[PDB]
Amino acid sequence: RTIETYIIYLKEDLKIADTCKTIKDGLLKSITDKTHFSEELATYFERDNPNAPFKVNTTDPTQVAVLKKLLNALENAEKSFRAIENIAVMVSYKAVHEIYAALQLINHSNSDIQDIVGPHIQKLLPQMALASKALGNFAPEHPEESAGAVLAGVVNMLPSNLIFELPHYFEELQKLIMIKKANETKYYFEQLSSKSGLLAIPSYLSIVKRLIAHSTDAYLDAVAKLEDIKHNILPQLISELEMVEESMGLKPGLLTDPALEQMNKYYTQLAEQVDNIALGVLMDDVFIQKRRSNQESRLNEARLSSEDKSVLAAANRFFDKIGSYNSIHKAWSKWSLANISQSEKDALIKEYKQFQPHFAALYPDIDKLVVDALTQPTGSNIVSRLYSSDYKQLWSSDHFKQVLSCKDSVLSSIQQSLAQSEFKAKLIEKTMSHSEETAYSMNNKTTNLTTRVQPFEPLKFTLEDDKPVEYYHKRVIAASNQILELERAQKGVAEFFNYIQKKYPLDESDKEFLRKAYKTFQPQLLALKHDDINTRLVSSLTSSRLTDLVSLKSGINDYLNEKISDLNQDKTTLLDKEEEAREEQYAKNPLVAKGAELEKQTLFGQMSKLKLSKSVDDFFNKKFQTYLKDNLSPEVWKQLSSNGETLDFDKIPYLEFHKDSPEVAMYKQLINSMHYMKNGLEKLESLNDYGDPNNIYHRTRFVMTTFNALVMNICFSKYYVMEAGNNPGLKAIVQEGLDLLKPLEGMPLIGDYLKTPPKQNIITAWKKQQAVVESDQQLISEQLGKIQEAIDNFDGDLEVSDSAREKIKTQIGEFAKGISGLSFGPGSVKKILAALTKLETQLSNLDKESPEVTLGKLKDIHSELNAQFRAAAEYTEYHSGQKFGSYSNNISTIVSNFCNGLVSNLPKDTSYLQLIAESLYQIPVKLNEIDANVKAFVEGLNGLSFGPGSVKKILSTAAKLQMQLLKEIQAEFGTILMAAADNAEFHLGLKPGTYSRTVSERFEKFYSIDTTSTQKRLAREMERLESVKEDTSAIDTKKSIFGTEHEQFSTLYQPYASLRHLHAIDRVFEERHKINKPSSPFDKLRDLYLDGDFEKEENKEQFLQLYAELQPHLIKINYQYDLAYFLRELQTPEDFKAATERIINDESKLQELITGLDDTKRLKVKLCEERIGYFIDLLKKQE
Amino acid sequence: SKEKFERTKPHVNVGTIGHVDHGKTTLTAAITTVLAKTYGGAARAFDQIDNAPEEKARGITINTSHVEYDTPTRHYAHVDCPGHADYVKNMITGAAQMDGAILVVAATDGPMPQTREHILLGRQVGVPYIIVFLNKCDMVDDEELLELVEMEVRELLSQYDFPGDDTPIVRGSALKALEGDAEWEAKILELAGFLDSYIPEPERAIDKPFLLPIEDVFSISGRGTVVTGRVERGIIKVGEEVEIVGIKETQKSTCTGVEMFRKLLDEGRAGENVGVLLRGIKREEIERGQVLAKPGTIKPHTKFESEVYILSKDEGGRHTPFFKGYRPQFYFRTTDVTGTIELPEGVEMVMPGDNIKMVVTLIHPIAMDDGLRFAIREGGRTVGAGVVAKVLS
RNA sequence: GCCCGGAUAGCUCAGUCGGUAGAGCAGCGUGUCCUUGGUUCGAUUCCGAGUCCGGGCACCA
Ligand SMILES: Nc1nc2c(ncn2[C@@H]2O[C@H](COP(=O)(O)OP(=O)(O)OP(=O)(O)O)[C@@H](O)[C@H]2O)c(=O)[nH]1
Ligand SMILES: [Mg+2]
């Protein structure tokens, strides 16, 4: 029964298998887009069959390995959960913690991967948390283990900036082209420099500020500024953009080509403006030169990192030496690395210094064990080291076995880092080729030569012998860049002298190829004594003997070959010296554990180091409760603070909420949300602090669950804060508190994490829940499947792409979901099935007719289906006891969307305030920008009700203003706003005056005798008090629950209840209805419990009706008295009996609710009298 | 064998427990030699305790050793247990014969994982008293470190219901005392006095039916098969009939001689570490974990309801939950049996640190009764500790 | 007691870079690979424990 409940909860409430399938499909479709990601990354995720797992190799990049592991984990979890739906606790636990292992992989996963992956994996984090919570009640109950908030309705809250930023910025700069150019710059700077959240380019503010400053402005200074922009600023921005896109792995030029076009247009227009005031091509020679130099520097970085083999060799030597100990030698060392000889320790330290980061990233605790075993002196005792308990547990283990168990993972990590560097080098090569193509295309598809090019300068090295690593590394990279330059020059020579031979075995036609070939090796040809040949060839190739330049081909080839050889020899020497310097710097530095420092940066270590709990607590204790004391009326403040100036911290987690006023309950819930947020943040920071130097931190998948649970709690509480922030009197402090939690939406493993209601018949709802437990629809599903297979089997002349097949499959799925909850009338099923059969025949005959007849027929089918589904939805609405026009509109919308997709893929009081602002701002402009002021006013005054009479007042005053187009109209608008603000203040427990004065000040600021307005407000307050005194909510609810016969019925029912627990005993049971006839739903439920024969359906329906009557009051007593989960558990008659007993036992709490309503009236009259006293005091003081 | 084992002093069964390499064997040798210097004694050496070739090769104690020594008022049978985590089972067997345990904690190390594990296991196999010997105090001149170790050991003892604030702690040096440093032999004498005073003379059940858990089986050439162990209750005499109950089918035999530390005994009494010679049984028909009982007085059982505490990760237990069908090893006095676990209704998994009431069905019948404490071990670690709430079948 | 090696269909066995177990015979295989856990994105496969079986050491109240 409990296992069945868990299975149904997984299948229908969480739908975890479907969520996992959707996330996997979206991730795989995004990382194989080929329009957002390069083919290099996409080829790694190609599978012979979709049923095989992705194979993680030692030769694939690090990020490719992480993505493959995540996809495999998602597929395995989907398989396990689907297998669960086909029939359990162990299987679900294993699947949940496989997802958590994938999440832990993401936790340690190189923020590029994090931003690639987060938008998809954020969709199942709450599902995983809820699944873990549901699994938790199959374990023995642990009181106070969590002590968190009650997740009442979490199931109902289950849920291009980078490529558009720079083009938008340069478009804005294009728009910035006496006093007109003095505020536009300020506006642009405020709009753009404030933007953040995507500044992966770690200079962005500098470029935006410098570009704005330069765009604000003899001609020598202007030319110098232009060259500074063209050669220093924009090339650096483009290089950083390429760095971002290379680290991401996107296709070349994805976010660099639109940006490049934008800056090209901006620079061309700026240069044109400068020329008009008194060169500008953005790709003259040196922009290209600097771009290619940066590209080659990055390429050589990647190639050097990929061709390095010292770290892998050191790791292999370390693991071989550790595994060279047999059982006897391990026993002699007492299975501890600290007991080996000093020379062996020195060799092990020398090996371990070279690959410690890789070992420590995967094994932060084994790293500390190795460091302490190898570096500590043997004389020191363990006691003085003050090791922790779990550190001592690891210390007592077989050290050799512990280290040897890390070998495969560490070697795989090292080889995958090398593969990542090689893959980055390939990406940089693709970026270089694409940049060359775009540079060719952007100017004219033509090249221009110049004889004023500085010749080649083959660098020579006179280098020191006792310099740091970077000293030699810079020279190595310079030599490699020069090697690449000479290599491309010799390639150009080969192309030049091959095209010359193949085109004519100097007055030619296709001189562009020769021009572009000679531009590559012009500096090298100028390096030799051939300046005359160069100046005779540049002019001849730009305006016009080819039999003489072919003579000096072998000479220039030999020059290039010898220069490359010399550079290679110098590179080898420099690499040797750099390796020696690396060894020296490794020997100088002592060995120190690195695991905790690496764990401090994963994803949750970064969040923990923010200390958000401290700021939240400071706001809660100093800024929130101070505002509560200052603004809340004393009557409301009494229920929250028994000390008069501080919240009642002895009872902060309030749990009743049904003995309080709606405003008091709202404030208590807000306090609960803040308290739970603070506790969750503090727990999360405590679990992710790694500041103990004497402790180890084991990396495992079984902590993420805890993390997720904490996150859920925090987000849940934060959700309510936003719900409490949608109030006129609470917007400011709530917004401040949410601004404090701003650095949580943005971390990939939290995100928004949450969402950020029908009324049908009780019998219908119970039957729906019973149907969803026990799981025409089959007929329509089969018809949709036939339609889908007819579309798929379309092999006619009208070719249908596989993308269109996937799109129509998605459309058919959405349509099936939409119509799966639809009841059809007599004959409606026949009509809809005939229409769908005709539609599928038309789809099978798409190519048999002209497109016009096809579109007409499908439009007729769409109209017929829409009409039939409208009628069927109206029938279902009537028979389900719902409101007309609600379900029918949704069904028709689903049908219309489905048909539109099929035809496409086959070849408010806020409005009142806006009107008020528009009229008030058009009044002076028509009797003497606007949109921004109106929007600001509406946003600042969001949350007013305006009632049903003030609407007519507003309309009449607007009509009077229109007729008249002095201060009477503004006074009427102000008093309408003041009445609305008074309503808002009275709905909360706010002290009179505060929010009304705030809104009045805002209104009068936007605008740029009082006794009458004060008297009007006072009259409003008096009439409000009169209305409040006439309220009879408490007596009405008492009558509705148990009418004016409850005491007598209870007195005459108690003996019957006692008799419930021989032959003539049934006589009194039969005759009780002549003396104890119930008159209220509670007494009727008591009588039904007396009957006890819940096997019959008549009393089951009677109980359902009584519960329908009693639910709006029971839902306040407890949240479990809902209409979805409470009805789902009513399956057997014993369940009905248990529900009846549970409802009967809550009579005391219902009475408490009625007394709470009476107290709510008692508090409301006091608030009204306080407001009236304040207003009369203000009127008497104002004279 | 030759002598007759004159019975003069009350007999107590003590033994050394603690983490590996902390000085249990050295402490046993030092105790025996110092007591042989001050009193009669026998002066066993270190090599005579760890005498097996494998123990000498690996340099660790593997199997429990047995020595005897006499204070003026008591006669002690001392069991030296292995400290290595791989041989915990052997230690458990030794800890099943202990009326008292000397917890050897190295001052250079402090309490370690096997210190806590041995405390818990000795608690589960019936060790009621623990005396702490702070060993290697010749290498720790600091007094603050000694106080810290003392308080840590006291907290650890209190964590498992021993009177940590009342347990005597001796700051001594087994190696120096064995060498002959009189200032450090005074500490061994103080430890012997604490053995005499702190550990009360146990109340033995010499009237109940005879019962002896088997700890070891020997094949004495020319005599037959001898089963050694501590008589839990009753008296076994030469010529009496006994039954071997437990793992295999129960056998019947007769007692043809009782010995005690290679000295002939007329009758073996409760609480005494004796060896019983059985007539006409091969060494392969008996095993450790079986029980010698009076005929028709013990019925082996396979199923029982128990209340079990599952250790947390920080106590050396599991870090993941287990479900139905979990098949760990259950350690009763000298017996270890594989058993299957059935969880109570409404419970499908048990987290570390939980208290559960589960039904255990063993794969072999064993002798057990209500109130018999046991340990649960799996994967080379202790995962739980429970008591037999009641016997089903 | 301490090592070592095996256990895969009814029988005989292959499966080793960890990616859903297949060949013959017997009459087209829910055999998750003796069982239990652990590691792992993923276990017949790697680690541990346990149950049997086999054969090498130890011991000797
Ligand atoms: N300095 C010093 N060393 C000691 C002392 N006691 C023992 N040792 C040394 O510690 C080592 C531990 O040896 P054992 O006493 O046999 O270890 P154990 O307690 O039997 O632990 P197991 O090997 O599991 O049996 C010995 O080689 C001694 O040399 C001591 O009091 N002071
Ligand atoms: Mg020993």
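In what follows, every chain begins at residue 1, and chains take the letters A, B, ... in the order their sequences are listed. The figures here come from the full heavy-atom set of this structure, side chains too, leaving out hydrogens, waters and symmetry mates.
Of the nucleotides present, none pairs with C:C17 by Watson-Crick or G-U wobble criteria with both distances under 3.5 Å. Across every strand in view, C:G1 sits in a pair with C:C57 that passes the Watson-Crick or G-U test at under 3.5 angstrom.
You'll find that the side chain of B:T228 is closest to C:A61, out of C:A58, C:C41, C:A61. Nearest nucleotide to the side chain of A:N72, out of C:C59, C:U39, C:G19: C:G19. Closest to the side chain of B:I363, out of C:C59, C:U39, C:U51, is C:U51. Of all nucleotides listed (C:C59, C:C3, C:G37), C:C59 comes nearest to the side chain of B:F218. Here C:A43 is the nucleotide among C:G1, C:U51, C:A43 with the atom lying nearest to any side-chain atom of A:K94.
When the side-chain nitrogen and oxygen atoms of B:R327 are compared with OP1 and OP2 of C:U51, none of them lie within a distance under 4.0 Å. In this model, the phosphate group of C:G1 is not approached by any side-chain N or O of B:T64 to a distance below 4.0 Å at OP1 or OP2. Taking side-chain N and O atoms only, A:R701 has a distance below 4.0 Å to OP1 or OP2 of C:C41. Neither OP1 nor OP2 of C:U20 sits under 4.0 Å from any side-chain N or O of A:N76. Between B:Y87 and C:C3, a side-chain N or O to OP1/OP2 separation shorter than 4.0 Å is present. Distances shorter than 4.0 Å separate some side-chain N or O of B:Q329 from OP1 or OP2 on C:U51. B:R223 has no side-chain polar atom (N or O) that falls below the 4.0 Å cut-off from OP1 or OP2 of C:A61. For A:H698 and C:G38, the shortest distance from a side-chain N or O to OP1 or OP2 is not below 4.0 Å. Put simply, B:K89 has a side-chain N or O that comes within less than 4.0 Å of OP1 or OP2 on C:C2.
No contact: B:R377 has no heavy atom under 4.0 Å from any strand. Residue B:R318 is classed as a sugar-phosphate contact, given heavy-atom separations below 4.0 Å to backbone atoms only. Note on B:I220: a base of the nucleic acid sits closer than 4.0 angstrom, heavy atoms only. Within the nucleic acid shown, B:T93 has no heavy atom closer than 4.0 Å to any nucleic acid atom. Note on B:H364: only backbone sugar-phosphate atoms sit closer than 4.0 angstrom, heavy atoms only; bases stay farther off. When heavy atoms are screened at a 4.0 angstrom cut-off, B:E378 is found touching base atoms of the nucleic acid.
B:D50 contributes no side-chain N or O that, together with a main-chain N or O of B:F46, makes up a donor-acceptor pair within less than 3.5 Å.
A salt bridge does not link B:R58 to B:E54: none of the charged side-chain nitrogens sits closer than 4.0 Å to a carboxylate oxygen. Contact check on B:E232 versus B:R230 returns a salt bridge, with a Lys/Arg side-chain nitrogen under 4.0 Å from an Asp/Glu carboxylate oxygen.
Ring geometry for A:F45 versus A:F54: interplanar angle over 60°, hence perpendicular rather than tilted (30 to 60°). Ring geometry for B:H84 against A:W335 counts as perpendicular: the plane angle is over 60°, on a 0 to 90° scale with 30° as the lower cut.
In this structure, C:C17 shows a glycosidic angle within 90 degrees of zero, which is the syn conformation.
C:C46 sits 43 Å from C:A61 when the P atoms are compared, rounded to a whole Å. Spacing between C:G56 and C:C34 at atom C1', rounded to whole Å, works out to 24 Å. Separating the P atom of C:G48 from that of C:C2 is a span of 15 Å, rounded to the nearest Å.
Side-chain atoms of A:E75 and base atoms of C:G42 include no donor and acceptor less than 3.5 Å apart. The base of C:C3 does not come close enough to the side chain of B:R58 for any donor and acceptor atom to sit less than 3.5 Å apart.
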Salt bridge (charged side-chain N to carboxylate O under 4.0 Å, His left out) assessment of B:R7 paired with B:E272: CA-CA 11 Å; B:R7 262 202 209 82; B:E272 259 157 41; 3.3 Å; yes

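Evaluation of the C1'-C2'-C3'-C4' torsion of C:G18 gives a negative value and hence a south sugar. Pucker assignment for C:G24 gives north. The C1'-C2'-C3'-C4' angle has a positive sign.
Among B:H75, B:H11, B:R44, the one residue that satisfies the side-chain hydrogen bond (donor to acceptor under 3.5 Å, both in side chains) test with B:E68 is B:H75.
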